[PDB]
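File shown: final-v9.pdb. Contents: PDB, C-alpha atoms (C1' of nucleotides).
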ATOM      1  CA  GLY N  71     127.041 122.207  44.552  1.00  0.00           C
ATOM      2  CA  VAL N  72     128.715 125.411  43.378  1.00  0.00           C
ATOM      3  CA  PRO N  73     131.758 124.679  41.170  1.00  0.00           C
ATOM      4  CA  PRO N  74     135.235 124.481  42.812  1.00  0.00           C
ATOM      5  CA  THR N  75     137.624 127.398  43.374  1.00  0.00           C
ATOM      6  CA  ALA N  76     140.245 126.290  40.835  1.00  0.00           C
ATOM      7  CA  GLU N  77     138.128 127.367  37.849  1.00  0.00           C
ATOM      8  CA  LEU N  78     136.290 130.326  39.422  1.00  0.00           C
ATOM      9  CA  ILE N  79     139.703 132.014  39.570  1.00  0.00           C
ATOM     10  CA  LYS N  80     140.658 131.403  35.931  1.00  0.00           C
ATOM     11  CA  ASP N  81     137.339 132.992  34.944  1.00  0.00           C
ATOM     12  CA  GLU N  82     137.913 136.425  36.473  1.00  0.00           C
ATOM     13  CA  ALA N  83     141.629 136.050  35.752  1.00  0.00           C
ATOM     14  CA  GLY N  84     141.648 135.784  31.969  1.00  0.00           C
ATOM     15  CA  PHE N  85     144.031 132.814  31.919  1.00  0.00           C
ATOM     16  CA  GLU N  86     143.662 129.022  31.763  1.00  0.00           C
ATOM     17  CA  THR N  87     146.677 127.176  33.204  1.00  0.00           C
ATOM     18  CA  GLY N  88     148.660 127.798  36.377  1.00  0.00           C
ATOM     19  CA  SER N  89     152.406 128.455  36.205  1.00  0.00           C
ATOM     20  CA  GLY N  90     155.105 125.831  36.666  1.00  0.00           C
ATOM     21  CA  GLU N  91     155.898 127.358  40.054  1.00  0.00           C
ATOM     22  CA  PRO N  92     153.356 129.136  42.356  1.00  0.00           C
ATOM     23  CA  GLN N  93     153.945 132.544  43.969  1.00  0.00           C
ATOM     24  CA  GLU N  94     157.252 132.391  42.085  1.00  0.00           C
ATOM     25  CA  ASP N  95     155.706 132.601  38.618  1.00  0.00           C
ATOM     26  CA  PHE N  96     152.773 135.017  38.801  1.00  0.00           C
ATOM     27  CA  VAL N  97     150.091 134.009  36.300  1.00  0.00           C
ATOM     28  CA  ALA N  98     147.302 136.484  37.086  1.00  0.00           C
ATOM     29  CA  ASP N  99     146.055 139.140  39.521  1.00  0.00           C
ATOM     30  CA  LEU N 100     142.865 139.743  41.504  1.00  0.00           C
ATOM     31  CA  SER N 101     141.472 142.864  43.152  1.00  0.00           C
ATOM     32  CA  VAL N 102     140.299 142.461  46.737  1.00  0.00           C
ATOM     33  CA  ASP N 103     136.748 143.032  45.480  1.00  0.00           C
ATOM     34  CA  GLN N 104     137.086 140.170  42.988  1.00  0.00           C
ATOM     35  CA  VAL N 105     137.904 137.826  45.871  1.00  0.00           C
ATOM     36  CA  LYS N 106     134.940 139.177  47.863  1.00  0.00           C
ATOM     37  CA  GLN N 107     132.646 137.887  45.105  1.00  0.00           C
ATOM     38  CA  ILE N 108     134.030 134.359  44.801  1.00  0.00           C
ATOM     39  CA  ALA N 109     133.724 134.244  48.594  1.00  0.00           C
ATOM     40  CA  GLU N 110     130.005 134.575  47.851  1.00  0.00           C
ATOM     41  CA  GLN N 111     129.725 132.033  45.044  1.00  0.00           C
ATOM     42  CA  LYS N 112     130.910 129.446  47.602  1.00  0.00           C
ATOM     43  CA  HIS N 113     128.958 130.472  50.706  1.00  0.00           C
ATOM     44  CA  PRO N 114     128.036 126.775  51.210  1.00  0.00           C
ATOM     45  CA  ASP N 115     131.233 124.869  50.321  1.00  0.00           C
ATOM     46  CA  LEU N 116     132.975 126.741  53.156  1.00  0.00           C
ATOM     47  CA  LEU N 117     132.934 126.585  56.971  1.00  0.00           C
ATOM     48  CA  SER N 118     133.554 130.270  57.746  1.00  0.00           C
ATOM     49  CA  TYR N 119     130.858 132.257  59.578  1.00  0.00           C
ATOM     50  CA  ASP N 120     131.895 135.716  58.367  1.00  0.00           C
ATOM     51  CA  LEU N 121     132.854 136.585  54.790  1.00  0.00           C
ATOM     52  CA  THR N 122     136.249 137.609  56.213  1.00  0.00           C
ATOM     53  CA  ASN N 123     137.431 134.049  56.836  1.00  0.00           C
ATOM     54  CA  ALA N 124     135.822 132.673  53.657  1.00  0.00           C
ATOM     55  CA  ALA N 125     138.238 134.944  51.799  1.00  0.00           C
ATOM     56  CA  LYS N 126     141.303 133.499  53.558  1.00  0.00           C
ATOM     57  CA  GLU N 127     140.170 130.081  52.320  1.00  0.00           C
ATOM     58  CA  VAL N 128     139.764 131.331  48.754  1.00  0.00           C
ATOM     59  CA  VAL N 129     142.837 133.510  49.264  1.00  0.00           C
ATOM     60  CA  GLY N 130     144.846 130.361  49.820  1.00  0.00           C
ATOM     61  CA  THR N 131     144.804 128.712  46.413  1.00  0.00           C
ATOM     62  CA  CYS N 132     145.615 131.936  44.584  1.00  0.00           C
ATOM     63  CA  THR N 133     149.106 132.925  45.801  1.00  0.00           C
ATOM     64  CA  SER N 134     149.910 129.210  45.554  1.00  0.00           C
ATOM     65  CA  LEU N 135     149.536 129.535  41.774  1.00  0.00           C
ATOM     66  CA  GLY N 136     150.742 133.011  40.889  1.00  0.00           C
ATOM     67  CA  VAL N 137     147.542 134.934  41.564  1.00  0.00           C
ATOM     68  CA  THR N 138     148.752 138.224  43.053  1.00  0.00           C
ATOM     69  CA  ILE N 139     146.424 140.832  44.566  1.00  0.00           C
ATOM     70  CA  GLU N 140     146.021 144.618  44.503  1.00  0.00           C
TER      71      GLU N 140
ATOM     72  CA  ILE C  12     154.031 123.252  84.007  1.00  0.00           C
ATOM     73  CA  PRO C  13     153.744 123.658  80.203  1.00  0.00           C
ATOM     74  CA  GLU C  14     152.780 127.159  79.137  1.00  0.00           C
ATOM     75  CA  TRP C  15     150.133 125.835  76.746  1.00  0.00           C
ATOM     76  CA  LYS C  16     148.246 124.266  79.650  1.00  0.00           C
ATOM     77  CA  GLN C  17     148.467 127.590  81.480  1.00  0.00           C
ATOM     78  CA  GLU C  18     147.186 129.461  78.435  1.00  0.00           C
ATOM     79  CA  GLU C  19     144.394 126.919  77.982  1.00  0.00           C
ATOM     80  CA  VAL C  20     142.983 127.322  81.489  1.00  0.00           C
ATOM     81  CA  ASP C  21     143.029 131.101  81.128  1.00  0.00           C
ATOM     82  CA  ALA C  22     141.286 130.733  77.769  1.00  0.00           C
ATOM     83  CA  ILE C  23     138.658 128.422  79.267  1.00  0.00           C
ATOM     84  CA  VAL C  24     138.169 130.680  82.284  1.00  0.00           C
ATOM     85  CA  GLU C  25     137.644 133.469  79.764  1.00  0.00           C
ATOM     86  CA  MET C  26     134.772 131.679  78.008  1.00  0.00           C
ATOM     87  CA  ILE C  27     133.139 130.576  81.273  1.00  0.00           C
ATOM     88  CA  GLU C  28     133.321 134.185  82.443  1.00  0.00           C
ATOM     89  CA  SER C  29     130.845 135.140  79.703  1.00  0.00           C
ATOM     90  CA  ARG C  63     140.733 118.094  78.749  1.00  0.00           C
ATOM     91  CA  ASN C  64     138.561 117.404  81.777  1.00  0.00           C
ATOM     92  CA  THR C  65     141.337 118.263  84.226  1.00  0.00           C
ATOM     93  CA  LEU C  66     141.742 121.645  82.549  1.00  0.00           C
ATOM     94  CA  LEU C  67     137.990 122.279  82.598  1.00  0.00           C
ATOM     95  CA  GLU C  68     137.858 121.333  86.289  1.00  0.00           C
ATOM     96  CA  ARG C  69     140.874 123.601  86.783  1.00  0.00           C
ATOM     97  CA  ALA C  70     139.074 126.572  85.191  1.00  0.00           C
ATOM     98  CA  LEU C  71     135.732 125.861  86.834  1.00  0.00           C
ATOM     99  CA  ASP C  72     137.663 125.584  90.081  1.00  0.00           C
ATOM    100  CA  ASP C  73     138.314 129.325  89.844  1.00  0.00           C
TER     101      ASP C  73
ATOM    102  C1'   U W   1     170.985  89.211  84.923  1.00  0.00           C
ATOM    103  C1'   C W   2     172.991  92.524  88.853  1.00  0.00           C
ATOM    104  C1'   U W   3     175.026  97.511  90.219  1.00  0.00           C
ATOM    105  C1'   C W   4     176.136 102.901  89.334  1.00  0.00           C
ATOM    106  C1'   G W   5     175.412 107.587  86.769  1.00  0.00           C
ATOM    107  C1'   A W   6     173.364 111.693  83.241  1.00  0.00           C
ATOM    108  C1'   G W   7     169.315 114.049  80.223  1.00  0.00           C
ATOM    109  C1'   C W   8     164.188 114.638  79.372  1.00  0.00           C
ATOM    110  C1'   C W   9     158.631 113.497  80.315  1.00  0.00           C
ATOM    111  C1'   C W  10     154.819 112.827  84.397  1.00  0.00           C
ATOM    112  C1'   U W  11     148.664 113.027  89.256  1.00  0.00           C
ATOM    113  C1'   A W  12     147.609 120.262  85.053  1.00  0.00           C
ATOM    114  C1'   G W  13     147.738 112.105  84.330  1.00  0.00           C
ATOM    115  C1'   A W  14     153.265 110.637  81.606  1.00  0.00           C
ATOM    116  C1'   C W  15     154.581 105.378  78.712  1.00  0.00           C
ATOM    117  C1'   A W  16     151.729 101.414  76.485  1.00  0.00           C
ATOM    118  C1'   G W  17     146.964  99.486  75.506  1.00  0.00           C
ATOM    119  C1'   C W  18     141.848  99.950  74.345  1.00  0.00           C
ATOM    120  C1'   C W  19     137.441 103.127  72.807  1.00  0.00           C
ATOM    121  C1'   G W  20     135.874 107.631  70.136  1.00  0.00           C
ATOM    122  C1'   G W  21     137.230 111.691  66.700  1.00  0.00           C
ATOM    123  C1'   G W  22     140.566 111.991  62.467  1.00  0.00           C
ATOM    124  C1'   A W  23     136.643 117.102  59.502  1.00  0.00           C
ATOM    125  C1'   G W  24     135.832 121.473  55.008  1.00  0.00           C
ATOM    126  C1'   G W  25     137.901 124.822  50.773  1.00  0.00           C
ATOM    127  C1'   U W  26     139.880 120.650  47.683  1.00  0.00           C
ATOM    128  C1'   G W  27     139.832 115.334  43.242  1.00  0.00           C
ATOM    129  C1'   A W  28     146.156 121.363  45.703  1.00  0.00           C
ATOM    130  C1'   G W  29     148.745 123.629  40.767  1.00  0.00           C
ATOM    131  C1'   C W  30     151.456 121.658  37.036  1.00  0.00           C
ATOM    132  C1'   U W  31     151.987 117.129  34.029  1.00  0.00           C
ATOM    133  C1'   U W  32     148.346 114.006  31.652  1.00  0.00           C
ATOM    134  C1'   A W  33     143.205 110.812  28.210  1.00  0.00           C
ATOM    135  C1'   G W  34     143.373 110.340  33.709  1.00  0.00           C
ATOM    136  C1'   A W  35     146.250 110.590  38.631  1.00  0.00           C
ATOM    137  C1'   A W  36     142.158 112.663  43.296  1.00  0.00           C
ATOM    138  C1'   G W  37     148.259 112.104  50.376  1.00  0.00           C
ATOM    139  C1'   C W  38     150.904 108.584  48.235  1.00  0.00           C
ATOM    140  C1'   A W  39     154.224 108.326  39.043  1.00  0.00           C
ATOM    141  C1'   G W  40     156.811 112.996  38.479  1.00  0.00           C
ATOM    142  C1'   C W  41     157.566 118.584  39.119  1.00  0.00           C
ATOM    143  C1'   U W  42     156.356 122.790  42.355  1.00  0.00           C
ATOM    144  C1'   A W  43     154.062 124.813  46.223  1.00  0.00           C
ATOM    145  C1'   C W  44     152.963 122.983  51.121  1.00  0.00           C
ATOM    146  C1'   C W  45     148.814 127.755  52.125  1.00  0.00           C
ATOM    147  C1'   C W  46     143.274 128.718  55.915  1.00  0.00           C
ATOM    148  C1'   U W  47     138.405 127.533  57.887  1.00  0.00           C
ATOM    149  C1'   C W  48     136.017 124.950  61.846  1.00  0.00           C
ATOM    150  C1'   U W  49     138.232 123.320  66.299  1.00  0.00           C
ATOM    151  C1'   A W  50     139.689 119.529  71.639  1.00  0.00           C
ATOM    152  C1'   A W  51     142.159 117.515  67.191  1.00  0.00           C
ATOM    153  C1'   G W  52     143.137 116.403  62.047  1.00  0.00           C
ATOM    154  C1'   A W  53     149.584 116.495  56.703  1.00  0.00           C
ATOM    155  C1'   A W  54     148.846 120.568  50.025  1.00  0.00           C
ATOM    156  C1'   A W  55     149.773 113.417  53.892  1.00  0.00           C
ATOM    157  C1'   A W  56     154.186 108.921  57.035  1.00  0.00           C
ATOM    158  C1'   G W  57     153.101 103.411  55.516  1.00  0.00           C
ATOM    159  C1'   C W  58     150.121  99.748  52.601  1.00  0.00           C
ATOM    160  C1'   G W  59     146.472  99.557  49.204  1.00  0.00           C
ATOM    161  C1'   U W  60     143.824 100.997  43.662  1.00  0.00           C
ATOM    162  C1'   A W  61     143.753 100.797  36.466  1.00  0.00           C
ATOM    163  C1'   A W  62     142.649 105.549  38.711  1.00  0.00           C
ATOM    164  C1'   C W  63     138.814 105.837  43.049  1.00  0.00           C
ATOM    165  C1'   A W  64     137.513 102.909  47.331  1.00  0.00           C
ATOM    166  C1'   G W  65     139.318 101.093  51.623  1.00  0.00           C
ATOM    167  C1'   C W  66     143.025 100.310  56.079  1.00  0.00           C
ATOM    168  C1'   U W  67     145.974 102.750  59.234  1.00  0.00           C
ATOM    169  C1'   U W  68     150.201 107.164  61.188  1.00  0.00           C
ATOM    170  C1'   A W  69     150.465 111.460  62.575  1.00  0.00           C
ATOM    171  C1'   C W  70     147.419 114.980  65.396  1.00  0.00           C
ATOM    172  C1'   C W  71     142.720 115.553  69.800  1.00  0.00           C
ATOM    173  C1'   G W  72     139.464 113.689  73.433  1.00  0.00           C
ATOM    174  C1'   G W  73     138.123 109.407  77.007  1.00  0.00           C
ATOM    175  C1'   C W  74     138.884 105.124  80.071  1.00  0.00           C
ATOM    176  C1'   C W  75     143.058 103.689  83.237  1.00  0.00           C
ATOM    177  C1'   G W  76     146.535 105.207  87.290  1.00  0.00           C
ATOM    178  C1'   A W  77     152.597 105.588  88.453  1.00  0.00           C
ATOM    179  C1'   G W  78     156.427 105.715  87.028  1.00  0.00           C
ATOM    180  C1'   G W  79     158.106 106.291  81.936  1.00  0.00           C
ATOM    181  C1'   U W  80     161.897 107.273  78.210  1.00  0.00           C
ATOM    182  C1'   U W  81     166.656 108.248  76.270  1.00  0.00           C
TER     183        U W  81
END
Target encoding structure tokens, full file:
Amino acid sequence: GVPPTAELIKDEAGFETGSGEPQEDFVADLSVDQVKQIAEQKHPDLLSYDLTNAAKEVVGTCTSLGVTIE
Amino acid sequence: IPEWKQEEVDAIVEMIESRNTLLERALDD
RNA sequence: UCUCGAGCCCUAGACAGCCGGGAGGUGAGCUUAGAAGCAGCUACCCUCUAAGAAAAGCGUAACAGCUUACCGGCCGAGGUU
């Protein structure tokens, strides 16, 4: 249903392509709030019961691309 | 006497409080 | 084929076999017209959970599909190095 994570990040990130090396080459950043929203756009595509876990799922692809947090 | 089997039973006994052999083990307490 | 020894695993059920489960984010990112475990490069993280790799071996034009790991059951005594 709801589009995949991959893109949803690049939308509220301002960039288009991930770096050659994740976590090593930081492409973009994301406030904790920003991640709390995506964790809502995908309430179905995920197995978590609480929004807490849902975040961990979303907050899995990020750092593995260069998406730091604040 | 693996520690993971010991931690399992205690974890099962914890749920009951509120593998088949392990379940029997827990229920046996 | 016989005999002797050492390490480790096992009735909290080992070894093998057979049956069942092998699930979501997500076809990871990059590369590319495309590549989705499985061309290459890099990373290799977390949910549900008794398990289940950012995938070990085939397979595909790429998918699909078939299995391994991993968990559970049946079985019941030694097994393995």
Chain C residues near chain W (9 Å cut-off, all atoms listed in the file) as a VMD selection string: chain C and resid 12 to 13 16 to 17 63 65 to 66 69
Residues matched by the PyMOL selection byres ((chain N) within 12 of (chain W)) as a CSV table (one decimal) with C-alpha atoms, keeping the file's coordinate frame:
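Saved the output as result.csv:
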chain,number,residue,atom,x,y,z
N,72,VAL,CA,128.7,125.4,43.4
N,73,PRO,CA,131.8,124.7,41.2
N,74,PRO,CA,135.2,124.5,42.8
N,75,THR,CA,137.6,127.4,43.4
N,76,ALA,CA,140.2,126.3,40.8
N,77,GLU,CA,138.1,127.4,37.8
N,86,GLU,CA,143.7,129.0,31.8
N,87,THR,CA,146.7,127.2,33.2
N,88,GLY,CA,148.7,127.8,36.4
N,89,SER,CA,152.4,128.5,36.2
N,90,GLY,CA,155.1,125.8,36.7
N,91,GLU,CA,155.9,127.4,40.1
N,92,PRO,CA,153.4,129.1,42.4
N,93,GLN,CA,153.9,132.5,44.0
N,94,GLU,CA,157.3,132.4,42.1
N,95,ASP,CA,155.7,132.6,38.6
N,97,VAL,CA,150.1,134.0,36.3
N,108,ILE,CA,134.0,134.4,44.8
N,109,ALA,CA,133.7,134.2,48.6
N,112,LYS,CA,130.9,129.4,47.6
N,113,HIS,CA,129.0,130.5,50.7
N,114,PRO,CA,128.0,126.8,51.2
N,115,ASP,CA,131.2,124.9,50.3
N,116,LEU,CA,133.0,126.7,53.2
N,117,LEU,CA,132.9,126.6,57.0
N,118,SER,CA,133.6,130.3,57.7
N,119,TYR,CA,130.9,132.3,59.6
N,120,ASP,CA,131.9,135.7,58.4
N,121,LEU,CA,132.9,136.6,54.8
N,122,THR,CA,136.2,137.6,56.2
N,123,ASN,CA,137.4,134.0,56.8
N,124,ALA,CA,135.8,132.7,53.7
N,125,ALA,CA,138.2,134.9,51.8
N,126,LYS,CA,141.3,133.5,53.6
N,127,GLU,CA,140.2,130.1,52.3
N,128,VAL,CA,139.8,131.3,48.8
N,129,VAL,CA,142.8,133.5,49.3
N,130,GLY,CA,144.8,130.4,49.8
N,131,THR,CA,144.8,128.7,46.4
N,132,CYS,CA,145.6,131.9,44.6
N,133,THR,CA,149.1,132.9,45.8
N,134,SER,CA,149.9,129.2,45.6
N,135,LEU,CA,149.5,129.5,41.8
N,136,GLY,CA,150.7,133.0,40.9
N,137,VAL,CA,147.5,134.9,41.6
Can you measure atom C1' of residue 22 of chain W to atom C1' of residue 52 of chain W for me? One decimal in Å is fine.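 It comes out at 5.1 Å.
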Where does the PyMOL selection byres ((chain W and resi 56) around 9) land in this file, that is, which residues does it pick, as a PyMOL selection string? chain W and resi 53+55+57+68-69
Please produce a file of those selected residues containing C-alpha atoms (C1' of nucleotides), as a PDB file, in the coordinates of the input.
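Generated output (result34.pdb):
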ATOM      1  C1'   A W  53     149.584 116.495  56.703  1.00  0.00           C
ATOM      2  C1'   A W  55     149.773 113.417  53.892  1.00  0.00           C
ATOM      3  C1'   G W  57     153.101 103.411  55.516  1.00  0.00           C
ATOM      4  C1'   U W  68     150.201 107.164  61.188  1.00  0.00           C
ATOM      5  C1'   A W  69     150.465 111.460  62.575  1.00  0.00           C
TER       6        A W  69
END
Pairwise distance, atom CA of residue 71 of chain N with atom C1' of residue 49 of chain W, equals 24.5 Å
Counting only C-alpha atoms (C1' of nucleotides), figure out which residue out of W:51, W:37, W:62, W:9 gets nearest to residue 23 of chain W. W:51
Would you work out the distance separating atom CA of residue 23 of chain C from atom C1' of residue 70 of chain W, expressed in Å to one decimal?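 A separation of 21.2 Å between them.
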Excluding residue 100 of chain N and any residue of its chain fewer than 6 positions from it, enumerate the residues within 7 Å of it, using all atoms listed in the file, and give them as a VMD selection string. chain N and resid 83 137 to 140
Please tell me which residues are no farther than 12 Å from (143.1, 133.4, 83.3) in the file, counting all atoms listed in the file, and write them as a VMD selection string. chain C and resid 16 to 28 66 69 to 73
Could those residues be written to a file, using C-alpha atoms, as a short mmCIF file (atom, residue, chain, number, x, y, z; two decimals), in the coordinates of the input?
data_model
loop_
_atom_site.label_atom_id
_atom_site.label_comp_id
_atom_site.auth_asym_id
_atom_site.auth_seq_id
_atom_site.Cartn_x
_atom_site.Cartn_y
_atom_site.Cartn_z
CA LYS C 16 148.25 124.27 79.65
CA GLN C 17 148.47 127.59 81.48
CA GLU C 18 147.19 129.46 78.44
CA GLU C 19 144.39 126.92 77.98
CA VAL C 20 142.98 127.32 81.49
CA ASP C 21 143.03 131.10 81.13
CA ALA C 22 141.29 130.73 77.77
CA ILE C 23 138.66 128.42 79.27
CA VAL C 24 138.17 130.68 82.28
CA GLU C 25 137.64 133.47 79.76
CA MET C 26 134.77 131.68 78.01
CA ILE C 27 133.14 130.58 81.27
CA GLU C 28 133.32 134.18 82.44
CA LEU C 66 141.74 121.64 82.55
CA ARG C 69 140.87 123.60 86.78
CA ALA C 70 139.07 126.57 85.19
CA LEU C 71 135.73 125.86 86.83
CA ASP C 72 137.66 125.58 90.08
CA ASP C 73 138.31 129.32 89.84
#
Some atoms are absent from segment 107-120 of chain N, so rebuild N, CA, C and O atoms and return them as a short mmCIF file (atom, residue, chain, number, x, y, z; two decimals), in the coordinates of the input.
data_model
loop_
_atom_site.label_atom_id
_atom_site.label_comp_id
_atom_site.auth_asym_id
_atom_site.auth_seq_id
_atom_site.Cartn_x
_atom_site.Cartn_y
_atom_site.Cartn_z
N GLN N 107 133.75 138.46 45.88
CA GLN N 107 132.65 137.89 45.10
C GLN N 107 132.69 136.36 45.12
O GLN N 107 131.69 135.70 45.40
N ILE N 108 133.86 135.81 44.80
CA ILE N 108 134.03 134.36 44.80
C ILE N 108 133.63 133.85 46.19
O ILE N 108 132.96 132.83 46.32
N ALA N 109 134.04 134.59 47.21
CA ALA N 109 133.72 134.24 48.59
C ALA N 109 132.21 134.22 48.82
O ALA N 109 131.74 133.89 49.91
N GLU N 110 131.46 134.57 47.78
CA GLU N 110 130.00 134.57 47.85
C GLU N 110 129.44 133.44 47.01
O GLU N 110 128.40 132.86 47.33
N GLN N 111 130.14 133.12 45.92
CA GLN N 111 129.72 132.03 45.04
C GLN N 111 129.81 130.71 45.81
O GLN N 111 129.07 129.77 45.52
N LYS N 112 130.72 130.65 46.80
CA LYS N 112 130.91 129.45 47.60
C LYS N 112 130.47 129.55 49.06
O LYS N 112 131.06 128.91 49.92
N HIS N 113 129.43 130.34 49.33
CA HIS N 113 128.96 130.47 50.71
C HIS N 113 128.66 129.13 51.39
O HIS N 113 128.73 129.03 52.62
N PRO N 114 128.32 128.08 50.61
CA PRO N 114 128.04 126.78 51.21
C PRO N 114 129.27 125.88 51.39
O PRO N 114 129.51 125.36 52.49
N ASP N 115 130.03 125.71 50.32
CA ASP N 115 131.23 124.87 50.32
C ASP N 115 132.28 125.25 51.37
O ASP N 115 133.32 124.59 51.47
N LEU N 116 132.02 126.30 52.14
CA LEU N 116 132.98 126.74 53.16
C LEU N 116 132.41 126.72 54.58
O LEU N 116 131.19 126.78 54.78
N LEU N 117 133.30 126.65 55.56
CA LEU N 117 132.93 126.58 56.97
C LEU N 117 132.90 127.92 57.70
O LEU N 117 132.31 128.02 58.79
N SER N 118 133.52 128.95 57.12
CA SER N 118 133.55 130.27 57.75
C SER N 118 132.17 130.85 58.06
O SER N 118 131.20 130.61 57.35
N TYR N 119 132.10 131.62 59.15
CA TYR N 119 130.86 132.26 59.58
C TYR N 119 130.74 133.64 58.94
O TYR N 119 129.66 134.04 58.48
N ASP N 120 131.85 134.37 58.94
CA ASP N 120 131.90 135.72 58.37
C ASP N 120 132.58 135.64 57.01
O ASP N 120 133.39 134.74 56.76
#
